[PDB]
Amino acid sequence: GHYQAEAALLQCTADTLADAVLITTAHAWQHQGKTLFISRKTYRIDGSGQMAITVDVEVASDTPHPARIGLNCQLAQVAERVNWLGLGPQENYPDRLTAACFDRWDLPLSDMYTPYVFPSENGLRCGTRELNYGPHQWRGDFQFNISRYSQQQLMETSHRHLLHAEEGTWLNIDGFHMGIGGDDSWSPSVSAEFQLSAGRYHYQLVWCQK
Amino acid sequence: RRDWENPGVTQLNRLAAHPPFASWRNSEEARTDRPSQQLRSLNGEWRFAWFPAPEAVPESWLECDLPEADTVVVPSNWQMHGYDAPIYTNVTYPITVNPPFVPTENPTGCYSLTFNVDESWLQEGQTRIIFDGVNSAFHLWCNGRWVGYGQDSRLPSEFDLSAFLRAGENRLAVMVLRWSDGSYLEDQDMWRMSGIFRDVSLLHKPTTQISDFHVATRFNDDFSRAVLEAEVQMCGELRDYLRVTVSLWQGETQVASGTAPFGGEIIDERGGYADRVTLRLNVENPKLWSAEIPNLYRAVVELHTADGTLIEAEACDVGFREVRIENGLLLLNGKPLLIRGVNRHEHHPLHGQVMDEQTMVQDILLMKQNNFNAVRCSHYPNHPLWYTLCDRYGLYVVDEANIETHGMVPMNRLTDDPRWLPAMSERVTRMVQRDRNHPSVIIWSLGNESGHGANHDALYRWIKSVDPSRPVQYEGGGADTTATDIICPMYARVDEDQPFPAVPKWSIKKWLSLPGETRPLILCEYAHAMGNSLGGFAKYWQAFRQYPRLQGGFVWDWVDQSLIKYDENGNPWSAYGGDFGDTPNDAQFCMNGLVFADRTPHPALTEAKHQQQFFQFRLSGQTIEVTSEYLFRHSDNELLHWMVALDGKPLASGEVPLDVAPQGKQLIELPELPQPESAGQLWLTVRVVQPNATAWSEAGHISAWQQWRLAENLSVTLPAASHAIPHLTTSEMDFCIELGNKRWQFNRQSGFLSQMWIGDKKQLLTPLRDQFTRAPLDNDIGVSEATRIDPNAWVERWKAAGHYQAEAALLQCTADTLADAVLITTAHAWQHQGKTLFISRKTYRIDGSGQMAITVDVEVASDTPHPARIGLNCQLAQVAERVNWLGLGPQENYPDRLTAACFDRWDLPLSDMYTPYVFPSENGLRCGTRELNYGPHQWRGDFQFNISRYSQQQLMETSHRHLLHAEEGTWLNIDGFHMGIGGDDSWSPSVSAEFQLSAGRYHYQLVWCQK
Ligand SMILES: [Mg+2]
Ligand SMILES: [Mg+2]
Ligand SMILES: [Mg+2]
Ligand code: NA
Ligand code: NA
Ligand code: NA
Ligand code: NA
Ligand code: NA
């Protein structure tokens, strides 16, 4: 039920601090009475307009390890360039990133999308400490992909030529991402060390206007 | 003549070696192995006098007792009696290296015994004396007359006293030298002692006697038939009336028998051996011997006349088994062995190197009880009783020649020298001549750490020639030389190569497939169990099971070589190198056992038992698949107990009989397990139980176990809101929170929770602070010393980086009032000489229910050596009797040594949460803990922890456990993360990468409250 899972709000509070506002949330993703994941976050907005997001996720040990653990949203903005400090410049995943180098990369949005004939998750960049797009800037230690195609459209389209740029820009920022595998393509091939099986994950982001 | 400084003279008038003799004069007593009237023990009280050198011994000593002498028990090592100090040195020889010379000041032990001898023994036959062990050389006199000389401290020296004895009173004079040229071949890493440390006895044999006998067993392809071949040799006068009968017995049933006059087959142009005969007995469907089922037969050898009159009889236990290497695999009775072995020195904390039956039996029982099936005689032939016990209890044995020249430079300086071949050959040949009839001995070893020399190749071939029934191995010179049938490295790692020049230690998986290599690989030594060790043990066994040609190894080692000393108050304590004034010495390095000197188990023993299990398990749905790793026996004394529990709370359980053929499988379908109401993790635990007692274990013995996480129900129910609200109070130096009868105090100058109150009672003796270090384990220290630092050792890297000196610098300490709680935020920076090592950011959240949630986020500079741990610590004021926790246990377990630990609810007395390693260090940790209870306290989360009356500081400042003193209150170390302990060896970094804290950023959270 990973693709059907519905977010159930368990808690949502707000507090005023001597120099910032604190939002606290807790969600439970379930499927037919089974709690798959539990996400606990805290958003801290300070006088500098920087939003600090802290995420702590629990994954039921008996549910298949998730493909990723992150956040996503559709940005209204559509910029021409994508600038980031991390592994690149080309697409790289946890179990396929040795060739990637850490540095400051800047590419046109279209290059952040890999035109695989058969559409699927693509364009991820790992070990990123800073990401810049339009007026936005995200800081931390995450993996990410950014394009005009939602994960949903990608999994519903059989050929790349049938894809259509959606409104705005879809951003997927992951604290963790499963390996892609490949020893063969007809049986599970993602090595254990690249499966998200820790049970509990933590990552934090800082969103602000570049 | 100074025979003790000449490798050319290793003995004088010594009789030829041979298998154990008893010279029974009654075939029935021989069959039953009862005592013999012809074999007397001379053990007991002897007269002893110590001298600084042989030239100091008075001539009168040869004639009569020295009044100054004392009466002491024999066998014994005179160091254990206090006459001089035992020396613990590893590689470096205890004497100046100047072969074949030894110090002029050579400690000399003068033993003497006045004893009676019956006239009957002198009226006929031959009376000989047997010294099973004299360390390291000695001269013998009987009634004032010189008899002989002998060397090699680990094999029996026999002399004919027929012409020296008188009817009645007799006196033996034995001058034992501590050092001799023989010492150059006895540089084993152990305490250097001396004296008559093994049994002494008198054996009476007829003039016409059985002088030697060899037993062999050959089989057909399916082992349904065997031929026992017994070669018997005699001495004395040969006559046609002489006969030899070899009978084979199974209990009181005679299964086979053969008789023949003397006279072997023609062997060359000059004929054959008139003084020998070979009997061949056919045995149908023989019961085979193995460590799994030690089936034994009794072979009785009778020297008699044609008319049936007995002259004398000898005998031995026979184990029908075949040992051979085929297609790169070591096979026993046609099946590939998986060696679950351990190296075992002959050591006793009180008696030194003197062995006794009780201790031997104790070791064997503990070994088999912990799933070991093999032992290596490191590094010399053992006390004769040892092989008899291994034959009967069932253990595979590697018999090793007493040859080790580790301190030479290069290591093969003597072993490659033809002038030392004579001395070396005697140590190999006399061992084979003595133990070749023991079924438990399956492999011969040429010795230990003596490099690789031409002498090794010569002796390797000699054995292959005289005894083709057993493979020969030797590790020296690279572990895969031309002198070994088995690739037998010591401390070669599983996946990591150690490309040393000339003698590299390749990853064992890689070693097997080197161009042209085809031999099986069995480590003669691996998993150095020194102190808190055995980290990574499971990695070896996963490899052993996956690779056919990786057939196991022998752990190093069985028991700590610690010695007992007494304090001013007469209280005993465990001592090691240097504690006897012995210098130079190698301190703690004599303690590398899985068990303490008194045979009390170290935590690591359980990890070994688990990884060495004979049953493997797999879970699929409701089905448990059991696979047997036994090669010969069926599981006819095994029962499977299963149990399902929710966070320590048992929900269901049952038992299913095990019926698995060797190498077979059995499927066990578990009944419908009910879904638990409460949230939490369901755990399945299975264990194999032996309903019936055995010769080595008690009824109910647990031989194997395994755990699996089943269904888990994440808690989505929010805690009932408390109407109470914590109240914050402020002052220049503190932030205090109050809720009911509970108070929390945060020092604003340090930024740490400095004190807590429950009913106005202090809870802390020391503030709650971050900790990134640990009292160094033996593996963290390696060979580093105060006067000889090893910059590569983990402890030295931590010290050099300032991890132990680092001071916490407060970067931020704020306080905020929330709607229903109080939030404290802190940030610290640990620095050393301007270098920021770590940064700790925390938040403490105290709610209306009195719970304190601590969130910690640590940054570790990528260029500082990875920290030993990442957690918090404090000294609690409370001192409770019990420690209750939901996590891995019950015994001490670390990240790289926790497979044996089980998840459940454990409750132990505080003292059991501390491991008494002779050399103090970090200890008692328990990982994967979700809840910890102590006194009124309760901590929840997912952490590792240790709790005791000893601070990490005291532990790293104390050299011996007996010098530790319980501090005030209780020290608690709660870690979000802890580094592995390692152990592949203890002289170089051995913690595998996956167990090093190198992520750079860590996060963990705790909840502290009152139970
Ligand atoms: Mg000599
Ligand atoms: Mg050595
Ligand atoms: Mg396990
Ligand atoms: Na697709
Ligand atoms: Na194997
Ligand atoms: Na040692
Ligand atoms: Na059974
Ligand atoms: Na210490």
# chains A, B, ... in the order shown; residues from 1 in each chain; ligands from 1

$ interface_residues --of "chain A" --to "chain B" --cutoff "9 Å" --atoms "only C-alpha atoms" --output "list in words"
residues 10, 11, 14, 15, 16, 17, 18, 27, 28, 34, 35, 36, 37, 38, 58, 59, 60, 61, 62, 63, 202 and 203 of chain A

$ residues_around --residues "residue 112 in chain A" --least-positions-apart "3" --cutoff "10 Å" --atoms "only C-alpha atoms" --output "PyMOL selection string"
chain A and resi 81-82+89-91+107-109+115+122-125+144-148

$ residues_near_ligand --ligand "ligand 5" --cutoff "10 Å" --atoms "only C-alpha atoms and all ligand atoms" --output "ChimeraX atom specification"
/B:329,336-339,520-522,541-552

$ closest_residue --among "B:988, B:771, B:116, B:952" --to "ligand 8" --atoms "only C-alpha atoms and all ligand atoms"
B:952

$ closest_atom_pairs --of "chain B" --to "ligand 8" --cutoff "12 Å" --atoms "only C-alpha atoms and all ligand atoms" --output "CSV"
residue,atom,partner,partner_atom_place_in_ligand_line,distance
B:531,CA,ligand 8,1 (Na),11.0
B:532,CA,ligand 8,1 (Na),11.9
B:588,CA,ligand 8,1 (Na),10.7
B:774,CA,ligand 8,1 (Na),10.3
B:775,CA,ligand 8,1 (Na),6.5
B:776,CA,ligand 8,1 (Na),6.8
B:777,CA,ligand 8,1 (Na),7.8
B:778,CA,ligand 8,1 (Na),8.8
B:780,CA,ligand 8,1 (Na),11.1
B:781,CA,ligand 8,1 (Na),10.0
B:795,CA,ligand 8,1 (Na),11.6
B:916,CA,ligand 8,1 (Na),11.7
B:917,CA,ligand 8,1 (Na),9.8
B:918,CA,ligand 8,1 (Na),9.4
B:919,CA,ligand 8,1 (Na),5.9
B:920,CA,ligand 8,1 (Na),4.4
B:921,CA,ligand 8,1 (Na),5.0
B:922,CA,ligand 8,1 (Na),8.5
B:923,CA,ligand 8,1 (Na),10.9
B:950,CA,ligand 8,1 (Na),11.4
B:951,CA,ligand 8,1 (Na),11.2
B:952,CA,ligand 8,1 (Na),9.1
B:953,CA,ligand 8,1 (Na),8.7
B:954,CA,ligand 8,1 (Na),7.6
B:955,CA,ligand 8,1 (Na),4.9
B:956,CA,ligand 8,1 (Na),3.7
B:957,CA,ligand 8,1 (Na),5.1
B:958,CA,ligand 8,1 (Na),4.5
B:959,CA,ligand 8,1 (Na),4.9
B:960,CA,ligand 8,1 (Na),7.3
B:961,CA,ligand 8,1 (Na),8.6
B:962,CA,ligand 8,1 (Na),11.7
B:963,CA,ligand 8,1 (Na),10.4
B:964,CA,ligand 8,1 (Na),9.8

$ write_last_selection --atoms "N, CA, C and O atoms" --output "compact mmCIF listing (two decimals), in the first residue's frame"
# COMPACT_ATOMS: atom_id res chain seq x y z
N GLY B 531 40.93 -9.59 25.84
CA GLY B 531 40.06 -8.62 26.50
C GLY B 531 38.69 -8.53 25.84
O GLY B 531 38.14 -9.55 25.41
N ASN B 532 38.14 -7.32 25.78
CA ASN B 532 36.83 -7.11 25.16
C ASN B 532 37.08 -7.25 23.66
O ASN B 532 37.41 -6.28 22.97
N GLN B 588 50.04 -7.52 29.41
CA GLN B 588 48.73 -8.12 29.17
C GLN B 588 48.63 -9.16 28.04
O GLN B 588 47.69 -9.95 28.00
N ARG B 774 36.20 6.42 25.16
CA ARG B 774 35.97 5.24 25.98
C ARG B 774 37.30 4.79 26.56
O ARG B 774 38.36 5.06 25.98
N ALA B 775 37.25 4.14 27.72
CA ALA B 775 38.46 3.62 28.33
C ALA B 775 38.91 2.59 27.29
O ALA B 775 38.22 1.60 27.03
N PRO B 776 40.08 2.82 26.67
CA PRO B 776 40.65 1.95 25.64
C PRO B 776 40.68 0.44 25.88
O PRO B 776 41.18 -0.05 26.89
N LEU B 777 40.15 -0.30 24.91
CA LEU B 777 40.13 -1.75 24.97
C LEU B 777 41.52 -2.21 24.57
O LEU B 777 42.32 -1.42 24.07
N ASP B 778 41.82 -3.48 24.79
CA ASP B 778 43.13 -3.99 24.39
C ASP B 778 43.30 -3.79 22.89
O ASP B 778 44.40 -3.46 22.42
N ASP B 780 42.11 -1.39 21.13
CA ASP B 780 42.31 0.03 20.83
C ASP B 780 43.77 0.41 21.06
O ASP B 780 44.31 1.29 20.40
N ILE B 781 44.40 -0.28 22.01
CA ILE B 781 45.79 -0.01 22.37
C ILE B 781 46.82 -0.70 21.50
O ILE B 781 47.85 -0.11 21.15
N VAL B 795 43.88 4.22 20.07
CA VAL B 795 44.06 5.03 21.27
C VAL B 795 45.04 6.18 21.05
O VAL B 795 44.82 7.28 21.52
N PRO B 916 34.47 -8.18 34.46
CA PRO B 916 35.77 -8.16 35.15
C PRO B 916 37.01 -8.52 34.34
O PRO B 916 37.78 -9.39 34.74
N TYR B 917 37.21 -7.87 33.20
CA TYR B 917 38.40 -8.15 32.40
C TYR B 917 39.61 -7.82 33.28
O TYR B 917 39.66 -6.76 33.91
N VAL B 918 40.58 -8.73 33.35
CA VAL B 918 41.76 -8.50 34.17
C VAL B 918 42.34 -7.11 33.89
O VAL B 918 42.69 -6.38 34.82
N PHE B 919 42.44 -6.75 32.61
CA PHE B 919 42.93 -5.41 32.26
C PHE B 919 41.67 -4.57 32.03
O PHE B 919 40.96 -4.77 31.04
N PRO B 920 41.37 -3.62 32.93
CA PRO B 920 40.19 -2.76 32.83
C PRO B 920 40.09 -1.90 31.56
O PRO B 920 41.09 -1.39 31.05
N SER B 921 38.86 -1.73 31.08
CA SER B 921 38.57 -0.93 29.89
C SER B 921 37.06 -0.80 29.76
O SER B 921 36.31 -1.32 30.59
N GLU B 922 36.62 -0.10 28.72
CA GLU B 922 35.19 0.05 28.44
C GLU B 922 34.64 -1.38 28.47
O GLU B 922 35.28 -2.30 27.95
N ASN B 923 33.47 -1.57 29.06
CA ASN B 923 32.90 -2.90 29.17
C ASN B 923 31.44 -2.88 29.58
O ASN B 923 30.93 -1.85 30.03
N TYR B 950 31.99 2.13 38.17
CA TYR B 950 33.31 2.58 37.73
C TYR B 950 33.21 3.55 36.56
O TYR B 950 32.57 3.25 35.55
N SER B 951 33.84 4.70 36.71
CA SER B 951 33.82 5.71 35.66
C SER B 951 34.77 5.32 34.54
O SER B 951 35.70 4.54 34.76
N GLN B 952 34.52 5.85 33.35
CA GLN B 952 35.39 5.56 32.21
C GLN B 952 36.81 6.00 32.57
O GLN B 952 37.78 5.35 32.17
N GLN B 953 36.91 7.08 33.33
CA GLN B 953 38.21 7.59 33.74
C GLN B 953 38.97 6.60 34.61
O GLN B 953 40.15 6.32 34.36
N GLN B 954 38.32 6.06 35.64
CA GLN B 954 39.00 5.11 36.51
C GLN B 954 39.42 3.89 35.71
O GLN B 954 40.52 3.36 35.87
N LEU B 955 38.53 3.44 34.82
CA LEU B 955 38.81 2.26 34.00
C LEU B 955 40.04 2.43 33.12
O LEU B 955 40.80 1.49 32.93
N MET B 956 40.26 3.64 32.60
CA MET B 956 41.42 3.86 31.75
C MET B 956 42.68 4.24 32.53
O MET B 956 43.75 4.41 31.95
N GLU B 957 42.57 4.36 33.85
CA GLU B 957 43.72 4.71 34.66
C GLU B 957 44.16 3.53 35.52
O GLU B 957 45.17 3.61 36.22
N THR B 958 43.40 2.44 35.48
CA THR B 958 43.71 1.27 36.28
C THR B 958 44.22 0.12 35.42
O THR B 958 43.62 -0.22 34.40
N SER B 959 45.33 -0.48 35.83
CA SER B 959 45.96 -1.58 35.09
C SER B 959 45.45 -2.97 35.43
O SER B 959 45.56 -3.89 34.62
N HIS B 960 44.91 -3.13 36.64
CA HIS B 960 44.39 -4.43 37.08
C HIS B 960 43.01 -4.26 37.70
O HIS B 960 42.76 -3.31 38.44
N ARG B 961 42.13 -5.22 37.42
CA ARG B 961 40.78 -5.17 37.94
C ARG B 961 40.71 -5.17 39.47
O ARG B 961 39.81 -4.56 40.04
N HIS B 962 41.65 -5.83 40.13
CA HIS B 962 41.62 -5.89 41.59
C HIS B 962 41.93 -4.54 42.24
O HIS B 962 41.75 -4.37 43.44
N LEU B 963 42.39 -3.58 41.44
CA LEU B 963 42.71 -2.25 41.96
C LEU B 963 41.56 -1.26 41.76
O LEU B 963 41.67 -0.09 42.12
N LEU B 964 40.45 -1.73 41.17
CA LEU B 964 39.28 -0.88 40.94
C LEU B 964 38.51 -0.70 42.24
O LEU B 964 38.45 -1.60 43.08

$ select_by_dssp --residues "range 349-521 of chain B" --states "strand (DSSP E)" --output "PyMOL selection string"
chain B and resi 374-376+396-400+441-445+472-473+521

$ atom_distance --atom1 "CA of residue 32 in chain B" --atom2 "CA of residue 251 in chain B"
8.6 Å

$ closest_atom_pairs --of "chain B" --to "ligand 2" --cutoff "9 Å" --atoms "only C-alpha atoms and all ligand atoms" --output "CSV"
residue,atom,partner,partner_atom_place_in_ligand_line,distance
B:90,CA,ligand 2,1 (Mg),6.2
B:91,CA,ligand 2,1 (Mg),5.4
B:92,CA,ligand 2,1 (Mg),9.0
B:187,CA,ligand 2,1 (Mg),6.6
B:188,CA,ligand 2,1 (Mg),4.9
B:189,CA,ligand 2,1 (Mg),4.8
B:190,CA,ligand 2,1 (Mg),8.5
B:404,CA,ligand 2,1 (Mg),6.9
B:405,CA,ligand 2,1 (Mg),7.6
B:406,CA,ligand 2,1 (Mg),5.1
B:407,CA,ligand 2,1 (Mg),7.7
B:448,CA,ligand 2,1 (Mg),7.0
B:449,CA,ligand 2,1 (Mg),5.5
B:450,CA,ligand 2,1 (Mg),8.3

$ residues_near_ligand --ligand "ligand 1" --cutoff "10 Å" --atoms "only C-alpha atoms and all ligand atoms" --output "PyMOL selection string"
chain B and resi 1-12+100-101+137-138+149-152+180-183+423

$ write_last_selection --atoms "C-alpha atoms" --output "mmCIF file, in the first residue's frame"
data_model
loop_
_atom_site.group_PDB
_atom_site.id
_atom_site.type_symbol
_atom_site.label_atom_id
_atom_site.label_comp_id
_atom_site.auth_asym_id
_atom_site.auth_seq_id
_atom_site.Cartn_x
_atom_site.Cartn_y
_atom_site.Cartn_z
ATOM 1 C CA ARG B 1 80.633 -31.365 28.643
ATOM 2 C CA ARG B 2 77.985 -28.641 29.000
ATOM 3 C CA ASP B 3 75.571 -30.757 26.967
ATOM 4 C CA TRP B 4 72.953 -28.043 27.508
ATOM 5 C CA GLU B 5 74.846 -25.751 25.131
ATOM 6 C CA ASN B 6 75.096 -28.151 22.202
ATOM 7 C CA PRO B 7 72.179 -28.687 19.784
ATOM 8 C CA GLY B 8 74.120 -31.746 18.661
ATOM 9 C CA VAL B 9 73.367 -33.459 21.972
ATOM 10 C CA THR B 10 69.667 -33.577 22.775
ATOM 11 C CA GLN B 11 69.898 -36.699 24.926
ATOM 12 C CA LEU B 12 72.184 -39.371 26.339
ATOM 13 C CA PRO B 100 73.832 -22.372 21.226
ATOM 14 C CA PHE B 101 74.862 -20.617 24.446
ATOM 15 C CA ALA B 137 66.877 -30.023 30.122
ATOM 16 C CA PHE B 138 68.200 -32.414 32.770
ATOM 17 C CA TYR B 149 70.444 -36.685 29.818
ATOM 18 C CA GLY B 150 67.429 -35.331 27.936
ATOM 19 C CA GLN B 151 65.917 -32.303 26.198
ATOM 20 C CA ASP B 152 62.555 -31.181 24.691
ATOM 21 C CA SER B 180 69.542 -24.969 27.395
ATOM 22 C CA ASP B 181 70.130 -24.961 23.657
ATOM 23 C CA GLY B 182 66.685 -26.554 23.601
ATOM 24 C CA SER B 183 65.308 -23.194 24.726
ATOM 25 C CA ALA B 423 67.381 -31.200 17.271
#

$ residues_near_ligand --ligand "ligand 6" --cutoff "10 Å" --atoms "only C-alpha atoms and all ligand atoms" --output "number ranges by chain"
B: 88-91, 188-191, 528-530, 556-557, 560-561, 586-593, 986

$ residues_around --residues "residue 968 in chain B" --least-positions-apart "6" --cutoff "12 Å" --atoms "only C-alpha atoms" --output "MDAnalysis selection string"
chainID B and resid 764:766 874:879 948:951
